[PDB]
Amino acid sequence: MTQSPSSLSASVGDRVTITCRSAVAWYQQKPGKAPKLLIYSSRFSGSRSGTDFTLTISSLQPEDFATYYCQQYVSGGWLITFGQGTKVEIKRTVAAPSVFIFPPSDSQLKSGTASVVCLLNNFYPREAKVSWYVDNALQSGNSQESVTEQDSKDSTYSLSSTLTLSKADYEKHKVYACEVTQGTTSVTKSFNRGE
Amino acid sequence: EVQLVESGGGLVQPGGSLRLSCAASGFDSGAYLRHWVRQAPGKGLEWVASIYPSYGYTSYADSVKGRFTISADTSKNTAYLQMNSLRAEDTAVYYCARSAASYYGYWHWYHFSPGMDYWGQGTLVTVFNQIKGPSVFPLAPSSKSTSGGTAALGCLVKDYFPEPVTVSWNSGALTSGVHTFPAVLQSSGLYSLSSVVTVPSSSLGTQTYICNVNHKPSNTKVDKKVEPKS
Ligand SMILES: [Cl-]
Ligand SMILES: [Cl-]
Ligand SMILES: [Cl-]
Ligand SMILES: [Cl-]
Ligand code: NA
Ligand code: NA
Ligand code: NA
Ligand code: NA
Ligand code: NA
Ligand code: NA
Ligand code: NA
């Protein structure tokens, strides 16, 4: 089944509704913990808007920030199906990322491949565009991103972008730049090969 | 009170075999169904199989049919998931869960079955086609210790298989400001990951920084000192 909001940002004490396309169950799972049953068919309350099913939280408490999974028992075949899952995240003020760029290590170069790593540290919200430039040519297809979960304390995200080059390509070029863009602002850290 | 404890997960080659146990403590099977539900790393929940222990009824996800069987030994109040003909996609954490049941509730009213009120912590199945330990490269500090503010530094751990890998800083002395990112599957089919930390620039050259990477599938631990570049 399909869950509508997929991701949602909300604050503590807010009315929260995620929907799900005759009987369903909702489960709460926090990272590294197991699913915990919430309700079937308390601040949690179910509904049945038309054919689709709805779960509403009234005064979102700091413990309810988690991922939510729709679930149903299919009568035919004795099946169970789950929803794709909806994640409720803590809204906070915007926070610009501290941006850092890392040349490949010399040890790695000996092996014939060059990883260049860009870091976006402790920022909010999650959406950000990260773009690699080698001597001002925008890179495509040679990079991979990874993002942490929302930090329990300051409620922000960290992100890593990793550019993978052959050592031969890396030594052909001079300026390496990581440009990170959020809304009306862009921040670009860079280095010349060899300093 | 109610306890459900799963065991048996481990490394296994493709086309191999595994059997999990789910031990029950505090309730009576027969009045509670047992369900195997698996969660692939980074993904959501996928039903695997279910069983009515008192009556021995079974139902399977289509993706599992003809490969896994589920069973319960009524004597020890433990349920079993035997898995065969494994393929890479079967890697997951395998939860065992219980839900209130009734002969009639089951035969005629399955759509309105009560929810899965207790779940175990899960057992991890890793299907591997090779075991490769990691390479660990320093992400050398972004400042020169005269820069006078915050520096970032890190470890790149790459080209290892299968998951997982755990990272710590200064044997776990350093945890404030650490970020260890989820691993990514590279196009070589090997996982790669990065772990970073922010520290005061002035501390570079006084304080040593060592990341500790532990790859239990290869029984390997690597300690890397991250030094400033020049
Ligand atoms: Cl090369
Ligand atoms: Cl190494
Ligand atoms: Cl600098
Ligand atoms: Cl890759
Ligand atoms: Na090395
Ligand atoms: Na390499
Ligand atoms: Na290039
Ligand atoms: Na495999
Ligand atoms: Na600097
Ligand atoms: Na470790
Ligand atoms: Na060392």
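Each chain gets a letter, A, B and so on, in the order its sequence line appears, and its residues count up from 1.
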Can a donor-acceptor pair be found between the side chains of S9(A) and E89(A) at a distance below 3.5 Å?
no
Side-chain donor-acceptor contact under 3.5 Å, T78(B) with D73(B)
no
Over-ring placement of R98(B) relative to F27(B), 6.0 Å and 45° cut-offs
yes
Under a 3.5 Å cutoff, is there a donor and acceptor pairing between the side chains of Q108(A) and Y170(A)?
no
Just by distance, no angles: are the side chains of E6(B) and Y94(B) close enough, under 3.5 Å, to form a donor-acceptor pair?
no
Do you see a donor-acceptor pair shorter than 3.5 Å between the side chains of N84(B) and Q82(B)?
yes
Would you call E149(A) and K87(A) a salt bridge, using N to O less than 4.0 angstrom?
yes
With a 6.0 Å cut-off on the ring centroids, do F68(B) and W36(B) count as close?
no
Do you see a donor-acceptor pair shorter than 3.5 Å between the side chains of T164(A) and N142(A)?
no
Can you say whether the rings of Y124(A) and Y157(A) are parallel (under 30°), tilted (30 to 60°) or perpendicular (over 60°)?
parallel
Ignoring hydrogens and geometry beyond distance, is a side-chain donor-acceptor pair present between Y60(B) and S50(B) at under 3.5 Å?
no
So, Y191(B) and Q186(B): side-chain donor and acceptor under 3.5 Å apart, yes or no?
no
Once you measure the plane-to-plane angle for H215(B) and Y160(B), does it fall in the parallel (<30°), tilted (30-60°) or perpendicular (>60°) bin?
perpendicular
Side chains of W132(A) and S161(A): do they bring a donor and an acceptor to under 3.5 Å?
yes
Minimum heavy-atom distance between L156(B) and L139(B), given as atom pair plus value
N-CD1, 3.8 Å
For residues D151(A) and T156(A), is any side-chain donor paired with an opposing acceptor at under 3.5 Å?
no
Charged N-O contact under 4.0 Å between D159(B) and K132(B)
no
Can a donor-acceptor pair be found between the side chains of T126(B) and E163(B) at a distance below 3.5 Å?
no
Does a donor on one side chain sit under 3.5 Å from an acceptor on the other, for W169(B) and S195(B)?
yes
Would you please say whether a donor-acceptor pair under 3.5 Å links the side chains of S99(B) and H35(B)?
yes
Is it true that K172(A) and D135(A) make a salt bridge, defined as a side-chain N closer than 4.0 Å to a carboxylate O?
no
Can you tell whether the side chains of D154(A) and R92(A) come within less than 4.0 Å, N to carboxylate O?
no
Side chains of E179(A) and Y133(A) only: does a donor on one sit below 3.5 Å from an acceptor on the other?
yes
Just by distance, with hydrogens left out, do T56(A) and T17(A) show a side-chain donor and acceptor under 3.5 Å apart?
yes
Assess the side chains of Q3(A) and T86(A): does a donor N or O sit below 3.5 Å from an acceptor N or O?
yes
Between the side chains of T19(A) and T54(A), is a donor N or O closer than 3.5 angstrom to an acceptor N or O?
no
